[PDB]
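Written below as structure tokens is the structure these notes are about.
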Amino acid sequence: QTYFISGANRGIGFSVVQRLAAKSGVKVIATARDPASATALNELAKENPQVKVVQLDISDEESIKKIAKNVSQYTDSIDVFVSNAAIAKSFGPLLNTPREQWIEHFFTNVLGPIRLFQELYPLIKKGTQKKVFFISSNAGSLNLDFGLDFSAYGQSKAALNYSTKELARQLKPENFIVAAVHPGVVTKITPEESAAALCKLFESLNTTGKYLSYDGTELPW
Amino acid sequence: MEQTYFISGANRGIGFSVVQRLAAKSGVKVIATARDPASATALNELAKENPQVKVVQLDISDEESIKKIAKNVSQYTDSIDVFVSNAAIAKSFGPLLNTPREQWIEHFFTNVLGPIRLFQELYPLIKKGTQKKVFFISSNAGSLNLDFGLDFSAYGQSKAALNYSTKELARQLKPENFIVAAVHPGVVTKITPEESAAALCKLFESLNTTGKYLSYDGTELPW
Ligand SMILES: NC(=O)c1ccc[n+]([C@@H]2O[C@H](COP(=O)([O-])OP(=O)(O)OC[C@H]3O[C@@H](n4cnc5c(N)ncnc54)[C@H](OP(=O)(O)O)[C@@H]3O)[C@@H](O)[C@H]2O)c1
Ligand SMILES: NC(=O)c1ccc[n+]([C@@H]2O[C@H](COP(=O)([O-])OP(=O)(O)OC[C@H]3O[C@@H](n4cnc5c(N)ncnc54)[C@H](OP(=O)(O)O)[C@@H]3O)[C@@H](O)[C@H]2O)c1
């Protein structure tokens with residue numbers, strides 16, 4: 001089984017790769033914007049050479065345009081795709097959210113993952129599990145009220161949630177498993193706990209179209 | 001008792017029919033926008049016969065047009081009672097894998113950021129008026145909880161994104177006694193733009209509560 005994780009240099013992403021590397025016969029394609037500076041990740045892959053460290057900046061169309069070749073070097077197929085790399089920089093009122101915050105969350109948090117998936121679909125198609133995971137947020141629900149505004153961040157997660165739902169429909173007749181997943185907040189949980197829950201969720205999940213919290217319970221779109 | 005309405009995209013479709021419906025009411029000034037007024041024949045003829053109809057250039061895809069809308073609307077009115085973000089595109093349907101980069105971008109810029117920026121620019125005029133009504137023309141296709149079997153690609157994504165932000169805005173501006181709504185105007189079983197316009201103008205006048213996702217008939221849609 002070949003897993004792919006965007007944004008593995010730190011946070012939940014690093015914690016997922018670290019758990020995958022422990023598991024028998026898991027090859028992990030793990031990305032960073034700057035793999036040369038990804039001290040902890042590189043260290044992981046030297047210690048566990050089944051972990052391959054590829055360059056990806058999801059905000060950069062020219063970086064996304066190489067991801068298939070870069071991943072093609074290490075695998076003929078992806079079993080489980082995880083769009084984890086994402087930003088979360090702007091919150092609060094719309095009147096107080098400038099143009100740039102909106103644009104950046106769009107390109108990085110919505111277009112990024114759609115292009116990433118578009119590029120890597122041929123490699124996912126050739127694989128066995130045909131599992132596609134977009135790491136969303138519960139803040140992306142149209143039907144949850146946190147007593148908070150999420151500005152471009154929330155909008156971005158809602159937009160990707162919309163397209164995830166659509167993708168789940170479109171790829172059902174190819175036995176694909178597409179899910180949006182809230183990894184928790186890191187009541188706060190450790191990267192290690194988030195990772196553990198997600199790895200369990202990645203192997204267990206058998207139906208497509210779901211919007212799941214890390215614990216495996218459903219969220220309202 | 002004089003009310004100013006603002007409609008983005010009034011040169012054709014639902015936009016024109018709304019301006020036309022409004023022009024018939026007495027004590028209603030209408031700020032009607034067109035990307036290219038020079039060639040807005042029907043809308044210019046409406047304004048020529050109806051001096052209460054003011055035509056103004058707006059491209060919601062163009063930050064340079066948005067920077068100008070406040071000062072330019074301000075030549076024609078001191079306030080906006082009812083804001084209607086009607087101008088949109090619908091140029092992307094079908095599967096995610098067949099939707100090229102450019103259709104995602106264009107739908108974001110025109111259908112999400114355009115209206116946000118337009119509202120930002122026009123908020124102070126709307127703060128200054130009586131009705132404080134803020135309508136975003138959405139689609140039932142933007143619902144995260146309706147299934148029509150069809151793919152709406154970047155169009156639907158753009159309507160969901162604006163929906164999410166519309167709902168947050170209804171929260172933010174409840175303390176300033178704003179009425180904020182996303183409205184599905186119908187599919188134009190089809191209705192005509194004139195029926196859509198008659199039902200929308202009824203809704204604009206009657207809606208007395210914020211934070212709704214509505215169809216043209218005043219029934220609620222799930223987010
Ligand atoms: N934070 C939460 O608790 C929470 C809650 C709900 C959902 N989520 C989702 O879970 C994901 C993982 O969160 P995290 O907490 O691990 O985030 P993080 O550590 O704060 O940073 C996000 C990760 O993505 C990478 N990244 C950022 N921009 C990138 C770009 N343009 N191209 C490629 N990679 C980029 C980052 O690398 P750099 O180090 O280079 O920035 C980092 O690995 C989030 O991105 C978010 O959407 C998180
Ligand atoms: N038609 C339907 O069945 C339907 C269904 C659901 C929702 N809606 C929504 O209802 C609203 C009205 O649509 P419609 O049916 O009247 O369709 P339409 O004919 O496409 O309406 C477009 C209007 O918006 C203007 N516009 C387009 N792009 C613009 C831009 N970049 N800047 C400024 N103005 C621009 C158009 O002007 P130009 O002449 O310059 O293009 C035109 O006046 C739209 O927001 C649409 O999304 C319509």
Side-chain angles (χ1 to χ4, degrees), chain A residues 61 64-65 91-103 105-107 110-115 117-118 121-122 125 132 139-145 147-171 174 178 180 209 211 220-221, chain B residues 63 66-67 93-105 107-109 112-117 119-121 123-124 127 141-147 149-173 176 180 182 211 213 222-223:
Chain A
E61 176 56 16
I64 296 159
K65 278 216 171 74
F91 305 102
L94 173 146
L95 278 180
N96 307 167
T97 309
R99 197 165 180 276
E100 317 86 59
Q101 281 166 36
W102 293 114
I103 291 186
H105 293 72
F106 169 68
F107 278 92
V110 187
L111 192 65
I114 292 172
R115 292 287 301 116
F117 176 77
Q118 281 185 337
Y121 163 82
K125 176 74 226 169
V132 173
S141 188
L142 269 297
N143 291 293
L144 266 359
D145 184 357
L148 289 173
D149 308 328
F150 296 109
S151 184
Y153 179 65
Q155 188 201 94
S156 82
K157 294 316 214 164
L160 183 49
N161 281 358
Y162 183 89
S163 295
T164 309
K165 210 178 161 203
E166 286 211 330
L167 186 58
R169 241 211 321 285
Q170 292 154 19
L171 262 41
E174 285 165 55
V178 181
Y211 185 21
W221 300 111
Chain B
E63 180 50 25
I66 298 143
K67 274 200 291 279
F93 313 84
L96 180 161
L97 286 176
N98 291 115
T99 305
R101 184 160 190 283
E102 58 262 26
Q103 285 174 29
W104 298 109
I105 289 165
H107 279 82
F108 173 72
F109 272 90
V112 178
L113 180 80
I116 289 161
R117 288 286 305 122
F119 173 77
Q120 290 189 341
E121 288 306 304
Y123 164 76
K127 179 95 172 283
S143 183
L144 273 297
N145 287 294
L146 269 26
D147 168 7
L150 300 163
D151 297 298
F152 296 109
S153 181
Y155 173 66
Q157 184 200 92
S158 80
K159 290 308 195 172
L162 184 55
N163 279 353
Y164 184 94
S165 295
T166 302
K167 190 192 206 208
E168 293 213 320
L169 186 69
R171 294 198 291 253
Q172 293 148 30
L173 264 28
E176 309 177 12
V180 176
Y213 191 15
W223 306 108

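To find a chain, count down the sequence lines: A is the first, B the second, and so on, and within it residues start at 1. Because only heavy atoms are used, hydrogens play no part in the values below, and waters and symmetry mates are left out as well, while side chains stay in.
When all heavy atoms of A:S156 and A:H105 are compared, the closest pair comes out as CB-O, 3.7 Å. Scanning both residues, A:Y162 and B:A141, for their nearest heavy atoms gives OH-O, 2.7 Å. A:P220 approaches A:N143 most closely through the heavy-atom pair CB-CB, 4.0 Å.
Contacts between B:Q157 and chain A at a heavy-atom distance below 4.5 Å involve backbone atoms as well as side-chain atoms. Of the two parts of B:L113, only the side chain, counted from C-beta on, holds a non-hydrogen atom closer than 4.5 Å to a non-hydrogen atom of chain A. In this structure, the portions of A:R99 lying under 4.5 Å from any heavy atom of chain B include both its backbone and its side chain. Both the backbone and the side chain of B:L96 come within less than 4.5 Å of a heavy atom of chain A.
In this structure, A:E174 and A:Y121 have side chains that are in contact, with non-hydrogen atoms separated by less than 4.5 Å.
Listed by first and then second residue, the salt bridge (charged side-chain N to carboxylate O under 4.0 Å, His left out) pairs that reach into residues 157-170 of chain B are B:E168-B:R171, sequence neighbours excluded.
No other option in A:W102, A:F106, A:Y211, A:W221 has as many heavy-atom pairs under 4.5 Å with chain B as A:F106. Of all the listed residues (B:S153, B:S143, B:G149, B:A160), the one sharing the greatest number of non-hydrogen pairs under 4.5 Å with chain A is B:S153. Highest contact tally toward chain A, considering only B:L162, B:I116, B:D147, B:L173, is held by B:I116 [criterion: heavy-atom pairs under 4.5 Å]. Chain A forms more heavy-atom pairs under 4.5 Å with one residue of B:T99, B:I66, B:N163, B:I105 than with any other, namely B:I105.
Under the side-chain hydrogen bond (donor to acceptor under 3.5 Å, both in side chains) criterion, B:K67 pairs with B:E64, sequence neighbours left out.
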